[PDB]
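Below is query_33.cif, holding mmCIF, C-alpha atoms and all ligand atoms.
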data_entry
#
loop_
_atom_site.group_PDB
_atom_site.id
_atom_site.type_symbol
_atom_site.label_atom_id
_atom_site.label_comp_id
_atom_site.auth_asym_id
_atom_site.auth_seq_id
_atom_site.Cartn_x
_atom_site.Cartn_y
_atom_site.Cartn_z
ATOM 1 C CA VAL A 1 -14.764 -14.331 3.049
ATOM 2 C CA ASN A 2 -14.655 -11.764 5.958
ATOM 3 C CA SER A 3 -17.189 -9.835 8.184
ATOM 4 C CA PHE A 4 -16.868 -6.360 6.528
ATOM 5 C CA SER A 5 -20.274 -5.169 5.164
ATOM 6 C CA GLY A 6 -21.506 -2.311 2.899
ATOM 7 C CA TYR A 7 -18.082 -1.378 1.449
ATOM 8 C CA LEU A 8 -17.584 -0.121 -2.096
ATOM 9 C CA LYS A 9 -14.776 -2.013 -3.854
ATOM 10 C CA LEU A 10 -12.179 0.407 -5.339
ATOM 11 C CA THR A 11 -9.491 -2.100 -6.428
ATOM 12 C CA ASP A 12 -8.534 -5.758 -6.072
ATOM 13 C CA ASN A 13 -7.562 -5.076 -2.407
ATOM 14 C CA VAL A 14 -8.952 -1.652 -1.308
ATOM 15 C CA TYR A 15 -12.519 -1.106 -0.055
ATOM 16 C CA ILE A 16 -14.171 2.092 1.295
ATOM 17 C CA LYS A 17 -17.260 2.988 3.366
ATOM 18 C CA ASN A 18 -18.758 6.150 4.994
ATOM 19 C CA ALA A 19 -18.510 5.006 8.618
ATOM 20 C CA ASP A 20 -17.273 5.920 12.070
ATOM 21 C CA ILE A 21 -14.177 3.713 12.526
ATOM 22 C CA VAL A 22 -15.036 3.352 16.249
ATOM 23 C CA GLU A 23 -18.545 1.984 15.445
ATOM 24 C CA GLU A 24 -17.105 -0.187 12.668
ATOM 25 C CA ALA A 25 -14.459 -1.670 14.995
ATOM 26 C CA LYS A 26 -17.074 -2.351 17.707
ATOM 27 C CA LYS A 27 -19.280 -4.244 15.155
ATOM 28 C CA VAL A 28 -16.564 -6.210 13.224
ATOM 29 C CA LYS A 29 -13.884 -6.775 15.945
ATOM 30 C CA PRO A 30 -11.281 -6.939 13.184
ATOM 31 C CA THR A 31 -7.880 -8.583 13.695
ATOM 32 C CA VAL A 32 -6.277 -5.122 13.113
ATOM 33 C CA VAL A 33 -7.633 -1.586 13.483
ATOM 34 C CA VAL A 34 -5.256 1.181 12.379
ATOM 35 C CA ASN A 35 -4.894 4.297 14.545
ATOM 36 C CA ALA A 36 -3.924 7.678 13.078
ATOM 37 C CA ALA A 37 -1.199 8.097 15.674
ATOM 38 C CA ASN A 38 1.455 10.728 16.380
ATOM 39 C CA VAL A 39 5.053 9.878 17.356
ATOM 40 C CA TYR A 40 4.269 10.377 21.106
ATOM 41 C CA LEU A 41 1.136 8.144 20.966
ATOM 42 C CA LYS A 42 -0.787 11.060 22.545
ATOM 43 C CA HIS A 43 -4.337 10.168 21.507
ATOM 44 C CA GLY A 44 -6.180 13.550 21.780
ATOM 45 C CA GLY A 45 -8.478 13.981 18.779
ATOM 46 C CA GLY A 46 -9.704 12.634 15.470
ATOM 47 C CA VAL A 47 -9.272 8.885 14.999
ATOM 48 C CA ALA A 48 -6.825 8.533 17.985
ATOM 49 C CA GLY A 49 -8.896 10.589 20.395
ATOM 50 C CA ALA A 50 -12.056 8.754 19.334
ATOM 51 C CA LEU A 51 -10.466 5.256 19.459
ATOM 52 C CA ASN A 52 -8.857 5.996 22.816
ATOM 53 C CA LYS A 53 -12.154 7.320 24.282
ATOM 54 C CA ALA A 54 -13.914 4.106 23.157
ATOM 55 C CA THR A 55 -11.295 2.083 25.178
ATOM 56 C CA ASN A 56 -12.040 4.154 28.323
ATOM 57 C CA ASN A 57 -8.411 5.516 28.111
ATOM 58 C CA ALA A 58 -6.863 2.005 28.273
ATOM 59 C CA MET A 59 -5.209 2.682 24.872
ATOM 60 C CA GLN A 60 -3.509 5.808 26.316
ATOM 61 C CA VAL A 61 -2.340 3.951 29.469
ATOM 62 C CA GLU A 62 -0.791 1.181 27.347
ATOM 63 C CA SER A 63 0.713 3.756 24.967
ATOM 64 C CA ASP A 64 2.343 5.735 27.776
ATOM 65 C CA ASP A 65 4.096 2.565 28.992
ATOM 66 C CA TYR A 66 5.224 1.824 25.365
ATOM 67 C CA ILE A 67 6.761 5.318 25.004
ATOM 68 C CA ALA A 68 8.392 5.186 28.461
ATOM 69 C CA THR A 69 10.148 1.955 27.367
ATOM 70 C CA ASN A 70 10.875 2.592 23.652
ATOM 71 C CA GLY A 71 10.769 6.355 23.035
ATOM 72 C CA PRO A 72 8.807 8.003 20.251
ATOM 73 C CA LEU A 73 7.916 6.454 16.897
ATOM 74 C CA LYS A 74 9.290 7.814 13.616
ATOM 75 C CA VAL A 75 7.070 9.803 11.238
ATOM 76 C CA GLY A 76 6.163 7.080 8.694
ATOM 77 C CA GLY A 77 6.576 4.372 11.348
ATOM 78 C CA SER A 78 4.283 2.199 13.420
ATOM 79 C CA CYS A 79 3.918 -0.135 16.378
ATOM 80 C CA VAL A 80 1.515 -2.955 17.168
ATOM 81 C CA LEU A 81 -0.308 -2.708 20.521
ATOM 82 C CA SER A 82 -3.507 -4.124 21.929
ATOM 83 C CA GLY A 83 -6.840 -3.499 20.224
ATOM 84 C CA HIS A 84 -8.548 -3.494 23.638
ATOM 85 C CA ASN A 85 -12.352 -3.810 23.207
ATOM 86 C CA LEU A 86 -12.198 -2.713 19.543
ATOM 87 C CA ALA A 87 -9.975 -5.263 17.721
ATOM 88 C CA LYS A 88 -7.396 -7.949 18.455
ATOM 89 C CA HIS A 89 -4.538 -5.527 17.675
ATOM 90 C CA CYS A 90 -4.148 -1.785 17.022
ATOM 91 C CA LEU A 91 -1.545 -0.808 14.459
ATOM 92 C CA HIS A 92 -0.552 2.749 15.453
ATOM 93 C CA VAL A 93 0.695 4.387 12.222
ATOM 94 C CA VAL A 94 2.223 7.875 12.046
ATOM 95 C CA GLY A 95 1.399 9.672 8.847
ATOM 96 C CA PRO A 96 3.024 13.074 8.304
ATOM 97 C CA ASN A 97 1.157 15.992 9.879
ATOM 98 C CA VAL A 98 1.090 18.882 7.355
ATOM 99 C CA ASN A 99 -0.003 21.263 10.235
ATOM 100 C CA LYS A 100 3.517 20.459 11.788
ATOM 101 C CA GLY A 101 5.391 20.844 8.410
ATOM 102 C CA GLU A 102 6.264 17.087 7.874
ATOM 103 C CA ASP A 103 7.366 15.692 4.446
ATOM 104 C CA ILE A 104 4.258 14.397 2.560
ATOM 105 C CA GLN A 105 6.586 11.837 0.799
ATOM 106 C CA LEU A 106 6.531 10.083 4.210
ATOM 107 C CA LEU A 107 2.878 9.173 3.557
ATOM 108 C CA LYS A 108 3.959 6.259 1.298
ATOM 109 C CA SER A 109 6.289 4.962 4.062
ATOM 110 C CA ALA A 110 3.370 5.197 6.528
ATOM 111 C CA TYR A 111 1.080 3.104 4.286
ATOM 112 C CA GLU A 112 3.842 0.485 3.770
ATOM 113 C CA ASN A 113 3.255 -0.572 7.396
ATOM 114 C CA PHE A 114 -0.148 -1.921 6.352
ATOM 115 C CA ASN A 115 1.548 -4.558 4.132
ATOM 116 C CA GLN A 116 2.667 -6.449 7.297
ATOM 117 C CA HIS A 117 -0.993 -7.361 7.978
ATOM 118 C CA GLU A 118 -3.257 -9.462 5.725
ATOM 119 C CA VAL A 119 -6.488 -7.532 6.539
ATOM 120 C CA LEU A 120 -6.981 -4.132 8.239
ATOM 121 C CA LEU A 121 -9.732 -1.665 9.158
ATOM 122 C CA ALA A 122 -8.141 1.788 8.690
ATOM 123 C CA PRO A 123 -8.659 5.527 8.312
ATOM 124 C CA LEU A 124 -7.130 7.558 5.516
ATOM 125 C CA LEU A 125 -3.653 8.444 6.778
ATOM 126 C CA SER A 126 -2.759 12.098 7.168
ATOM 127 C CA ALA A 127 -6.535 13.098 6.240
ATOM 128 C CA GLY A 128 -8.704 15.622 8.181
ATOM 129 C CA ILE A 129 -6.829 17.354 11.057
ATOM 130 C CA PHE A 130 -3.432 16.016 9.736
ATOM 131 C CA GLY A 131 -3.687 18.654 6.941
ATOM 132 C CA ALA A 132 -2.909 16.536 3.816
ATOM 133 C CA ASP A 133 -5.040 16.213 0.608
ATOM 134 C CA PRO A 134 -7.351 13.203 1.265
ATOM 135 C CA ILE A 135 -7.777 12.477 -2.382
ATOM 136 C CA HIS A 136 -3.959 12.208 -2.401
ATOM 137 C CA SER A 137 -4.005 9.953 0.658
ATOM 138 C CA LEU A 138 -6.448 7.552 -1.063
ATOM 139 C CA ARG A 139 -4.247 7.469 -4.213
ATOM 140 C CA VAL A 140 -1.112 6.682 -2.133
ATOM 141 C CA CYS A 141 -3.081 3.994 -0.259
ATOM 142 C CA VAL A 142 -4.183 2.292 -3.502
ATOM 143 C CA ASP A 143 -0.699 2.537 -5.018
ATOM 144 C CA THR A 144 1.129 1.295 -1.836
ATOM 145 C CA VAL A 145 -1.006 -1.175 0.140
ATOM 146 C CA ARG A 146 -1.160 -4.687 -1.341
ATOM 147 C CA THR A 147 -2.990 -6.356 1.592
ATOM 148 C CA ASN A 148 -6.725 -6.068 2.067
ATOM 149 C CA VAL A 149 -7.686 -2.699 3.519
ATOM 150 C CA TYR A 150 -11.179 -1.552 4.549
ATOM 151 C CA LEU A 151 -11.167 2.257 4.765
ATOM 152 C CA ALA A 152 -13.686 4.020 7.045
ATOM 153 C CA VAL A 153 -14.221 7.558 5.953
ATOM 154 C CA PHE A 154 -15.884 9.491 8.859
ATOM 155 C CA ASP A 155 -17.013 12.627 6.919
ATOM 156 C CA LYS A 156 -19.940 11.960 4.520
ATOM 157 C CA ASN A 157 -19.071 14.899 2.229
ATOM 158 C CA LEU A 158 -15.424 13.645 2.084
ATOM 159 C CA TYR A 159 -16.693 10.059 1.230
ATOM 160 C CA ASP A 160 -18.837 11.201 -1.717
ATOM 161 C CA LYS A 161 -16.010 13.370 -3.083
ATOM 162 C CA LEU A 162 -13.428 10.519 -2.738
ATOM 163 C CA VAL A 163 -15.722 8.083 -4.625
ATOM 164 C CA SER A 164 -16.749 10.560 -7.358
ATOM 165 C CA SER A 165 -13.088 11.622 -8.005
ATOM 166 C CA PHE A 166 -11.485 8.126 -7.815
ATOM 167 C CA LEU A 167 -9.480 7.134 -10.878
HETATM 168 O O1 LIG A 201 -13.394 11.897 7.514
HETATM 169 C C1 LIG A 201 -12.350 11.282 7.601
HETATM 170 O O2 LIG A 201 -12.362 10.077 7.615
HETATM 171 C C2 LIG A 201 -11.086 12.101 7.640
HETATM 172 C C3 LIG A 201 -10.921 12.875 8.928
HETATM 173 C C4 LIG A 201 -9.895 12.558 9.774
HETATM 174 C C5 LIG A 201 -9.718 13.271 10.937
HETATM 175 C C6 LIG A 201 -10.578 14.307 11.256
HETATM 176 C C7 LIG A 201 -11.615 14.592 10.410
HETATM 177 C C8 LIG A 201 -11.778 13.873 9.241
HETATM 178 O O3 LIG A 201 -12.812 14.185 8.351
#
Show me the file's structure as structure tokens.
Amino acid sequence: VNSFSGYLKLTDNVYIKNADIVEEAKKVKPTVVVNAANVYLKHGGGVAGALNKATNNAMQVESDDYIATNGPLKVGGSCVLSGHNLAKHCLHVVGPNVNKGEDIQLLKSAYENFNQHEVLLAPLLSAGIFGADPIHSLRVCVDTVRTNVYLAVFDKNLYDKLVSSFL
């Protein structure tokens, strides 16, 4: 048993809810929250800008030190950093950004990072401002992640369409 509440069960291991991931993280304090990161860990908008704002910019300060030491992530890659006031850990995962021309086949590689963690609170990778088909992102999630994932869909109209189209 875990602390996640009000989720619709899609599969053995994937759950979904219409929720603000920031507000969900603040309530649950999950072991792992996933950030929709870019390779530079520049947290400006969407999930990253919202998560970073909720940490009072401490996520960005920590991220800048990580990049200064290690250089940029790979598209499809990840790193584990602090969850600050939101979670124990933040798994920063880089899905491909369609609005930068990145290979959508890298979305499966991105979701494979989730398998290193038994339970996660996450957004749909590459959805919204990343320019990919969200319905596609949910299918790749279900067909790739084997650990227990609680998806927070921010946009209500996107949530209802994802549920009503789910195979
Ligand atoms: O609603 C979601 O969860 C998907 C998403 C991600 C980023 C920006 C806007 C947006 O709708």
Exercise. Could you tell me which of A:21, A:31, A:64, A:157 comes closest to residue 124 (chain A) if we count all atoms listed in the file?
Key: A:21
Quiz item: Which is closest to ligand LIG 201 (chain A) among A:68, A:90, A:47, A:98, if we use all atoms listed in the file?
Solution: A:47
Find the nearest atom pair between each residue of chain A and ligand LIG 201 (chain A) for residues within 7 Å, count all atoms listed in the file, give distances in Å to one decimal, sort rows by chain and ascending number, and present the table as a Markdown table.
| residue | atom | partner | partner_atom | distance |
| --- | --- | --- | --- | --- |
| A:46 | CA | A:LIG201 | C5 | 4.6 |
| A:47 | CA | A:LIG201 | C5 | 6.0 |
| A:123 | CA | A:LIG201 | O2 | 5.9 |
| A:124 | CA | A:LIG201 | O2 | 6.2 |
| A:127 | CA | A:LIG201 | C2 | 4.9 |
| A:128 | CA | A:LIG201 | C3 | 3.6 |
| A:129 | CA | A:LIG201 | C6 | 4.8 |
| A:130 | CA | A:LIG201 | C5 | 7.0 |
| A:152 | CA | A:LIG201 | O2 | 6.2 |
| A:153 | CA | A:LIG201 | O2 | 3.5 |
| A:154 | CA | A:LIG201 | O1 | 3.7 |
| A:155 | CA | A:LIG201 | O1 | 3.7 |
| A:158 | CA | A:LIG201 | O1 | 6.1 |
Exercise. Tell me which of A:135, A:49, A:63, A:114 sits closest to residue 160 (chain A), counting all atoms listed in the file.
Key: A:135
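When all atoms listed in the file are used to compute distances to residue 20 (chain A), the closest of the residues A:60, A:42, A:54, A:116 turns out to be A:54.
Coordinates place CA of residue 73 (chain A) at a distance of 7.8 Å from CA of residue 38 (chain A).
Proximity to residue 133 (chain A) was assessed for A:50, A:113, A:145, A:162 counting only C-alpha atoms; the smallest distance is recorded for A:162.
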Quiz item: Which residue out of A:105, A:11, A:164, A:3 has the minimum interatomic distance to residue 146 (chain A) when only C-alpha atoms are used?
Solution: A:11
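Matched in the shown structure by the PyMOL selection byres (((chain A and resi 36) around 6) and not hetatm): residues 35, 37, 47, 48 and 93 of chain A.
Of note, CA of residue 82 (chain A) and CA of residue 44 (chain A) are spaced 17.9 Å apart.
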Quiz item: For the file shown, what are the residues hit by the PyMOL selection byres (((chain A and resi 111) around 12) and not hetatm), laid out as a ChimeraX atom specification?
Solution: /A:34-36,75-78,91-96,104-110,112-117,120,122-126,137-147,149
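The coordinates place CA of residue 30 (chain A) at 5.0 Å from CA of residue 87 (chain A).
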Practice problem: Give me the residues within 6 Å of residue 150 (chain A) as a list in words, counting only C-alpha atoms and dropping any in the same chain fewer than 3 places off. | Solution: residues 15, 16 and 121 of chain A
Based on the selection just made, write C-alpha atoms of those residues as an mmCIF file, in the coordinates of the input.
data_model
loop_
_atom_site.group_PDB
_atom_site.id
_atom_site.type_symbol
_atom_site.label_atom_id
_atom_site.label_comp_id
_atom_site.auth_asym_id
_atom_site.auth_seq_id
_atom_site.Cartn_x
_atom_site.Cartn_y
_atom_site.Cartn_z
ATOM 1 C CA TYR A 15 -12.519 -1.106 -0.055
ATOM 2 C CA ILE A 16 -14.171 2.092 1.295
ATOM 3 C CA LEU A 121 -9.732 -1.665 9.158
#
